[PDB]
Amino acid sequence: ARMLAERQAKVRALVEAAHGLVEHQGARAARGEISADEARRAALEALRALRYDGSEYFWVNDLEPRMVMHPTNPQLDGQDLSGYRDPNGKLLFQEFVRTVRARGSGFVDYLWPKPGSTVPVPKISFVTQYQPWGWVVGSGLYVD
Ligand SMILES: [Zn+2]
């Protein structure tokens, strides 16, 4: 059974929620209520704090690509990701940026550890963009 389109739909749906949260903050900056900086910090505070289905999480990177906020591997924060490869050599962050720059959003598969461990395992993530800040927002499921 497969059965996996359903899980991908749920990831897609949670990432769309994260897109909503980000647009909501951006809109407030646009109307001049908070500075752009406050808006970005409020979005990151919510994304850093949120989990779903237990330990599933969101991260944010920019278009360089450079990490903005990663909640389970925070040592990546501010690091240049161009050239970051998983163990099969995949430039996965470059592929996120190409996908959103070319299609607006979409699924990208790659190898990445589960929270709390270090062995990269098969992952399928939905990534989306918030263009006014040059952000990519993502979340994925672990195939196994
Ligand atoms: Zn509101």
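- Looking at the entry header, you'll see X-ray crystallography listed as the method and 2.000 Å as the resolution.

**What to know about helix α1 (residues 5-30)**
At step 1: Its 26 residues give α1 an end-to-end C-alpha distance of 36 Å, which sits within 8% of 38 Å, the value for a rise of 1.5 Å per residue.
At step 2: The positive-phi residue at the C-terminal boundary of α1 is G32, with phi of around 80 degrees.

**A word on the pairing of strand β1 (residues 59-62)**
At step 1: In terms of strand pairing, β1 meets strand β5 (residues 135-142) through four bridges, oriented antiparallel. Paired with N61 across the strands is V136, a residue of β5.
At step 2: Note: β1 against strand β2 (residues 67-69), two bridges, orientation antiparallel. Counted as the bridge partner of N61 is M67 from β2.
At step 3: Between the antiparallel neighbours β1 and β2 lie four residues.

**Points about empty space enclosed by the protein**
The rolling of a water-molecule-sized probe over the atoms marks out the regions of remaining empty space.
At step 1: Size it by volume and the largest cavity reaches roughly 40 Å³.
At step 2: Lining the largest cavity, in full, are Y57, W59, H70, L92, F93, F96, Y110, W112 and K123.
At step 3: Contributing elements (two or more residues each) for the lining of the largest cavity: α3 (92-103) and β3 (105-112).
At step 4: Per element, the largest residue contribution to the lining of the largest cavity is three residues, and it comes from α3.
At step 5: Considered class by class, the residues forming the lining of the largest cavity number seven nonpolar, one polar and one charged.

**Observations regarding unusual backbone geometry**
At step 1: Going from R2 to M3, the amide bond is cis rather than trans, its omega being 10 degrees.
At step 2: With an omega of -5 degrees, the peptide bond running from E64 to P65 counts as cis.
At step 3: Topologically, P65 is positioned in the loop between β1 and β2.
At step 4: Even without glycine at this site, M3 takes up a positive phi of about 90 degrees.
At step 5: Position of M3 relative to the elements: it lies in the segment before α1.
At step 6: Residue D53 is not a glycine yet carries a positive backbone phi of 50 degrees.
At step 7: Considering the arrangement of structural elements, one finds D53 in the loop between α2 (36-49) and β1.

**What about the nonpolar core?**
At step 1: Counting residues in hydrophobic clusters, the biggest one holds 20 residues, and the most contacted among them are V11, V22, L47, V60, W133, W135 and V137.
At step 2: At the level of secondary structure, the elements contributing two or more residues to this core comprise α1, α2, β4 (121-130) and β5.
At step 3: Element by element, the count of residues in this core is highest for α1, at five residues.
At step 4: With 16 residues, the next largest nonpolar core counts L81, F96, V100 and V108 among its residues.

**Things to note about the packing of aromatic side chains**
At step 1: With the rule as written, the count across this model stands at eleven aromatic pairs.
At step 2: Aromatic pair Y84 and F93: ring centres 5.3 Å apart, planes at 90 degrees, arrangement edge-to-face.
At step 3: The partly exposed category is assigned to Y84, whose relative accessible area is 26%.
At step 4: Geometrically, the ring pair formed by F96 and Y110 is edge-to-face, given 5.3 Å between the ring centres and 70 degrees between the ring planes. Placement of the pair is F96 in helix α3 and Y110 in strand β3, with a sequence separation of 14 residues.
At step 5: Of the residues examined, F96 reaches a relative accessible area of 0% and is grouped as buried.

Rules of the game
Residues numbered from 1 in each chain as written, not as in the entry; some residues may be left out. Heavy atoms only, no water. Residues with missing side-chain atoms left out of burial classes, pairs and counts. Helix = DSSP H or I, 4+ residues; strand = E, 2+ residues; numbered from the N terminus. Expected span 1.5 Å × (residues − 1). Pairing = 2+ DSSP bridges. 1 Å grid on protein atoms, 1.4 Å probe; cavity = no way out; pocket = protein on both sides within 12 Å on 5 of 7 lines; lining within 4 Å. Points joined across faces, edges and corners; volume = space filled by probe spheres on them. Nonpolar A, V, L, I, M, F, W, Y, C, P; charged D, E, K, R; others polar. Core = buried A, V, L, I, M, F, W, Y, C linked by side-chain atoms within 4.5 Å. Buried < 20%, exposed > 50% of the residue type's maximum accessible area, 1.4 Å probe, protein only. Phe/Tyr/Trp six-rings, centres within 6.5 Å; stacked < 30°, edge-to-face > 60°.

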